[PDB]
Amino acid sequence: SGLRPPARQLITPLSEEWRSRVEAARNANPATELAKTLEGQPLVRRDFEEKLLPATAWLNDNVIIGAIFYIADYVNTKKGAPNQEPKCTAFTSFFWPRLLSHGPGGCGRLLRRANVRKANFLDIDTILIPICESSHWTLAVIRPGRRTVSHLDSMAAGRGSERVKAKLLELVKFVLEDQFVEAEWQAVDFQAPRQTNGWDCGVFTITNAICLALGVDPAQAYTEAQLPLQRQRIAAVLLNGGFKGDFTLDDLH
């Protein structure tokens, strides 16, 4: 499985400076560009006040994709990976709908933009694919060095859908071509904290992505009751411009 216990508490209360900064963001001038993600997406008051910070808010694409791109960038910077040879890579909210509607053969542009190519595929450690179906966010994770695919659905305490797993293996086969060895690949389920609250799916998705990207066991690392605080921490990371400085993940990597 390759997953370790977290070296310190994963979800912890913020300093007064960061709490105040997050509160100020949801009370901001509504036109201020408070942040801009690695997707190129500006974030404004609405993203924080309505689509992240309330404990019962459903997260939007801007926040979810922004956060997950920052996870991948943390790993690539830590490992000194070349820009086109990432160790962790992430997809946008457009990928899963494209895969459903076109299949992998219509996903070439999105694969290339994520730097997922045949030549470097097995050199990637973690591929993070956010999936939204019927408003419910889950996380697909391909681990090429381990030859595994996984689907982490918080509604099933981590267990994944056979339909998603099969689609992930079809994608892997498409990319790898004559390098695909079907019997050496497998779908693997990971235990993860259980979701009761529908609105928390996006927060579970981000948090499971942090854990899998870092090699941390999510079932050992957090609980659903910690997710209101995790929303504040995600907000702080976005305002900070990523998992760096105060929010480096070094002490868990």
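Just count from 1 along the sequence shown to find any residue number.
The mean Cα B-factor in the deposited entry runs higher for 76 to 84 than for the other of 76 to 84 and 110 to 118. If you average the C-alpha B-factors over 207 to 215 and over 194 to 202, the higher value belongs to 194 to 202. Per the PDB record, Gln41 has a higher Cα B-factor than any other of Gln226, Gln41, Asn60, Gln220. Among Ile127, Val181, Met155, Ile131, the highest C-alpha B-factor in the deposited entry belongs to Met155. Sorting the modelled residues of the chain by their CA temperature factor places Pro104 in the highest third. Annotation for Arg233: CA B-factor lies in the lowest third of the chain's modelled residues. Annotation for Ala55: CA B-factor lies in the middle third of the chain's modelled residues. When the modelled residues of the chain are ordered by their C-alpha B factor, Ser135 lands in the highest third.
Ranked within its chain, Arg159 lands in the highest third, by CA B factor from the PDB record.
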